[PDB]
Structures are given as structure tokens and as C-alpha cells.
2 protein chains.
Amino acid sequence: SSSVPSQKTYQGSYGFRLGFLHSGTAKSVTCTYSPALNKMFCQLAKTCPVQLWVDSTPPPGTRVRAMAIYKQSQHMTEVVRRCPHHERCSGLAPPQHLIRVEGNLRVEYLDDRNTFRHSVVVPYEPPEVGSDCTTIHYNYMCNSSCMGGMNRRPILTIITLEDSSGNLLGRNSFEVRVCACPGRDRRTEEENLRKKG
Amino acid sequence: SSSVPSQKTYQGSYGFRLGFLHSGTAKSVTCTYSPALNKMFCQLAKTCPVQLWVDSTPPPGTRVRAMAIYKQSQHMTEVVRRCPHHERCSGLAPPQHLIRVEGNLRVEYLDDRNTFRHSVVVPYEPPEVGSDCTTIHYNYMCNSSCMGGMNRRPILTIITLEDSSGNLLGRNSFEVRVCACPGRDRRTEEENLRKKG
DNA sequence: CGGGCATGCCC
DNA sequence: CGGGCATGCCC
Ligand SMILES: [Zn+2]
Ligand SMILES: [Zn+2]
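Residues numbered from 1 in each chain as written, not as in the entry; some residues may be left out. Chains lettered and ligands numbered in written order. Heavy atoms only, no water. Residues with missing side-chain atoms left out of burial classes, pairs and counts.

Structure determination for this PDB entry was carried out by X-ray crystallography, with a resolution of 1.80 Å recorded in the header.

Naming follows the PDB entry, where chain A appears as Cellular tumor antigen p53 of Homo sapiens. According to the record, the entry carries the title "Diversity in DNA recognition by p53 revealed by crystal structures with Hoogsteen base pairs (p53-DNA complex 1)". Note on chain A: under the UniProt heading Sequence similarities, the record states "Belongs to the p53 family." (UniProt positions renumbered as here; feature names shortened; annotations may be inferred.)

So this is what it looks like as C-alpha cells:
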């Protein structure tokens, strides 16, 4: 069976979608999301807020899993991992994991025993009463360019909502470029899309 | 006592000097030496020929040691090592060593038990009869720019001629930039010296 | 091959 | 902070 996880959007019966905060205009804003590109530009090891929106309430026990895969066909079968430098200079998160969640006391880090893929899982909590969404704080612990890790290859973050039995309730994904200057790089790729895309 | 090794030239009683081969004009020539800068520009893990010239014959038992130190005052006390990526993707040479010698059956790699500095040593052989010099083939196993290793910091290679008792007979050093495009980078730094130096 | 992009860093 | 260098890589 395939060891490449699906990245196909599946908004499913709960109308699961992701949301992203607006950000400032700074060249090196800590994180900024491009709707045109469906791509987050963010700095390493800093907060990357991601909102979970649903139209209907997931059952008790639902989980929220994040996993990175390389976007390009030629790299999709290689597991996305922390580069050797950041692993050596690295609480619960194993040092080989690229994606962490901060501020959650129930985080689990998983190393799949068959596909070798890393994932990080937290329980689904429904929005607080006055609220339309639930926000998880992700961190990516290498730059996209890290030698011996992502090595400039774009990744997708796959977010899956899964019940406690392991049924797939919803799937969304967004591309990520972890970089020194998120504002600069987002503008550069939006301009490239307009001019050459 | 100091754990920073001397880099001061000491041509000594044997009139020990280093020589370098001329190279071609290519942008990415595999190695090229700048006399103006006393600096070798070379690609990683490829041959970097270095000639040993003496006016008088070293005694039997003499050794030839190579060791890297950071050139800049602010980095001189840090040991020069292979970056974590190239160490993990790495015969006798320990994977943490930046400098190797190829084609010598008597090479020794040393990790100083007090200063933690790495060195690689081969016996001195006098030039063959028709010859003015002895050539050792060094390899540098990271680029100067390697993240988590040299990290763009220029190094000096220190070459010492040492008798078997450990007396210093001669010392010379040359700066090194290990890079993708030795021809391009040598020309760039020579032009910078002329214009801004 | 040599022109020119890449992108963390400039000190 | 934003202009511009850096330098392995372009696919
Ligand atoms: Zn990294
Ligand atoms: Zn390296």
C-alpha cells in the first residue's frame, strides 16, 4: 500500500476548513498567509497560528493531526524531517520532528512504524462560546532551505481531523515556506504568479 | 596555556615554504590559488594539491601536520569541524574531521585530548630526485558556507613540519574558501581587494 | 560551460 | 526596519 499520504482536500460532513490571521506589511513579519497561493510564509521556530473552522460539531474524542509532505512529485516519497544541524542543536518533541505544537498539554508526536512519517496530534477542542474557530499554534523547526533537511523543497502541511476510531472526518492542506523574510518572500512569489504563472 | 595554535609563518632552518599549482580560467575550476590573497579557493571533497618546498633536508622521521583554524579574531577559539550534515552523510578519517589526505598509506588523524583540535599528519618524504618539491593531496569535506560548520567563516590551513621528537621545524599557512565556483570567487575577492582593500 | 537566481545574513 | 550582498544551485 502507498506510504505517500493523501493531500487531497476533503471538507467532509463537518465542513472542516482552515483559517489564517492577517499579518503586517513588514519584510520579516514572523508569519504571513497568501490566499492566492494557499501558502504560509513563516520564520523558523516561531508561532504559526492555524484556525480550524467547522460547520458541525465533531464527536467527543476527535483529534487534529499535522504532517508535512514534499509538494513536488519527485520528492513526495521522501519523509520530511528536521535537518541534522537543527536536530543536534535541539520538551516532548523528538529532535527529528519538523512540526511542533506549542501550548497544549495533550500533544502527541508520532513516528509511523510502517511509513516512517512524523506527525503531531492534539485533541480537537470546539471554539469557546463567543467564537467561530479553534486556533492551534504550530512551529516549524527548520527553514525550507535547510541543507540536509528540506533543502529548498516546498512542503505541504496536511491537517486532518480524525475521530477516536481513526475515521477521516476532514482534510485540508496549505503549502509552507519557512524563511528569514516572510513578507519579502510572499510578495516575491505573488508577483511571480502574476507575471509568469 | 593557550588552546589557539600559532598561525605565524616560521620558515625556520630548513627554509620551508608551500607551493601551489596554477589552474585554469573556469568559473568552477576545482581548485585555484591566489598569491595576492595567499588563499586557496577549492570545491568540497576534491583534490587540493599542496607543495612542500625546503632548502635543506629534514631529518628522518619528520612529519607534516595540517590543521584548520578560523581566521577572524572572534572565531579563533572555536574548533573547526565538519558540519552535522556532512558528518552524517560521511576509510580512516573520522567523520567530524574537515581536512583529509588522499593517497597516503601512512596518514594519522588526531583529536587533541586537551584543545579538542583536529589535525591530519603524514610522514615527510623528500622530493623524488628530478624534483624541487613534495606534493600532498588534501581534501576539505565541507564548503566554507556549511550551516552548523564553518558557516561562511574563513579558515586558515596551518601546515607544520615537525621532527619525530615534536620540535617545530617550519610553519606556513594559507587561507581557504571551499566553494561551488572557485574561479568566480577568487576573481571576486581579488577584484574587491583592488577596489576596496 | 558561464549568466544569473537564491535567501540567510550584513557586523 | 528595509536595501542589498551571498553563493549553492538552476531542472
Ligand atoms: Zn534545519
Ligand atoms: Zn558541510
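Caption draft 1: Just the coordination of the zinc ion (ligand 2), in detail. All names here are of chain B. Taken together, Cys83 (SG), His86 (ND1), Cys142 (SG) and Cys146 (SG) make up the protein donors of the zinc ion (ligand 2), found 2.0 to 2.4 Å from the metal. Taken together, the four donor atoms coordinating the zinc ion (ligand 2) span angles of 102 to 115° at the metal, a pattern that classifies the geometry as tetrahedral. A residue is classified by how much of its surface remains accessible, and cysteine 142, at 1% relative accessible area, is buried. Judged by relative accessible area, which is 2%, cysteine 146 ranks as buried. (Donors = N, O, S within 2.8 Å, 3.2 Å for Na, K, Ca; no water. Tetrahedral: all angles 85-135°; square planar, octahedral: opposite > 155°, others 65-115°. Buried < 20%, exposed > 50% of the residue type's maximum accessible area, 1.4 Å probe, protein only.)

Caption draft 2: Layout of the relation of the copies chain B and chain A. Relative to chain A, chain B is turned by 180° and slid 0.0 Å along the rotation axis, the superposed coordinates differing by an RMSD of 0.0 Å. Such values leave the two copies arranged in the relation of a two-fold axis. Of every C-alpha in chain B, the one belonging to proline 84 of chain B sits nearest the axis of rotation, 2.7 Å from it. Mapped onto chain A, 100% of the interface residues of chain B again fall at the interface, so both copies present the same surface. (Least-squares fit on C-alpha atoms. Contact = heavy atoms within 4.5 Å.)

Caption draft 3: Spotlight on the coordination of the zinc ion (ligand 1). Residues and elements named next belong to chain A. At the metal site, the zinc ion (ligand 1) is ligated by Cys83 (SG), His86 (ND1), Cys142 (SG) and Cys146 (SG), and these contacts range over 2.0 to 2.4 Å. Taken together, the four donor atoms coordinating the zinc ion (ligand 1) span angles of 102 to 115° at the metal, a pattern that classifies the geometry as tetrahedral. Accessibility assignment for this pair places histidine 86 and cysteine 146 in one class, buried.

Caption draft 4: Region of interest: the protein's contact with DNA strand D. Looking at DNA strand D, there are 13 residues lining it, with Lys27 of chain A together with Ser145, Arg177, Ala180 and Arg184 of chain B nearest. Sugar and phosphate atoms constitute 55% of the interface atoms of DNA strand D, taking the interface as everything within 4 Å of the protein. Contact distances for DNA strand D include 2.7 Å between a base oxygen and a side-chain N or O atom of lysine 27 of chain A. The separation between a phosphate oxygen of DNA strand D and a polar side-chain atom of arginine 177 of chain B is 2.9 Å. Classifying every residue of the surface near DNA strand D by side-chain character gives four nonpolar, two polar and seven charged. (Near = heavy atom within 4 Å. Polar contact = N/O pair within 3.5 Å; in protein donor to acceptor, adjacent residues only side chain to side chain. Nonpolar A, V, L, I, M, F, W, Y, C, P; charged D, E, K, R; others polar.)

Caption draft 5: Molecular detail of the pattern of salt bridges. Residues and elements named next belong to chain A. Taken as a whole and assessed by the stated rule, the structure comprises 24 salt bridges over all chains. Taking the shortest distance from any N to any O, the salt bridge between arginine 177 and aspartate 185 comes out at 2.8 Å. One network of salt bridges, in which partners are shared, links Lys39, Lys71, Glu175 and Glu189. (Salt bridge = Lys/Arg side-chain N within 4 Å of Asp/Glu carboxyl O.)

Caption draft 6: Quick look at the interface of chain B and chain A. Each partner contributes to the interface: chain B provides nine residues, whereas chain A provides nine residues. For the pairing of chain B and chain A, the buried interface totals around 800 Å² over both sides, and the portion due to carbon and sulfur atoms is 69%. Inspection of the region where chain B meets chain A yields two salt bridges. A salt bridge links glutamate 87 of chain A to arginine 88 of chain B, with the nearest nitrogen and oxygen atoms 2.8 Å apart. Residues of the side of chain B that touches chain A, tallied by class, amount to four nonpolar, three polar and two charged. (Buried area = accessible area lost by both parts, 1.4 Å probe.)

Caption draft 7: How the structure looks around the sheet that holds strand β4 (residues 48-53) of chain B. Residue and element names in this part refer to chain B. Here four strands make up an open sheet; going across it, the order is β1-β4-β9-β6 and the pairing antiparallel. Strands at the two margins of the open sheet, each flanked by one partner only, are β1 (17-19) and β6 (99-102). Here the strands of the sheet are splayed against their neighbours by 40° on average, with no regard to which way each runs. Bridge count for β6 against strand β9 (residues 134-140) is four bridges, and the pairing is antiparallel. The partner of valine 101 across the bridge, within β9, is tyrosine 138. (Pairing = 2+ DSSP bridges. Helix = DSSP H or I, 4+ residues; strand = E, 2+ residues; numbered from the N terminus. Axes fitted to C-alpha atoms, helices over the stretch in contact; angles between N-to-C directions.)

Caption draft 8: Broad picture of the packing of aromatic side chains. Residues and elements named next belong to chain A. Taken as a whole, this structure holds four aromatic pairs over all chains when the rule is applied. Ring geometry for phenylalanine 20 and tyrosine 33: centres 3.9 Å apart, planes at 15°, overall stacked. Of this pair, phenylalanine 20 sits in the loop between β1 (17-19) and β2 (31-34) while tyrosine 33 sits in strand β2, placing them 13 residues apart in sequence. Site record: aromatic cluster; members linked through ring pairs are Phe20, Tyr33 and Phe174. Positioned above the aromatic ring of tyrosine 70, the side-chain terminus of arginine 153 is 4.1 Å from the ring centre. (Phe/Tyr/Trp six-rings, centres within 6.5 Å; stacked < 30°, edge-to-face > 60°. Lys NZ or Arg CZ within 6 Å of the ring centre and 35° of its normal.)

Caption draft 9: Structural detail: the sheet that holds strand β8 (residues 118-123) of chain B. Residues and elements named next belong to chain B. Strands sit in the order β2-β3-β11-β10-β5-β8-β7 across an open sheet of seven strands; the sheet is mixed. Whereas interior strands pair on both sides, the edge strands pair on one side only; in this sheet they are β2 (31-34) and β7 (108-111). In this sheet, adjacent strand axes meet at a mean angle of 25° when their direction is disregarded. Sheet analysis places β7 next to β8, joined by four bridges and oriented antiparallel.

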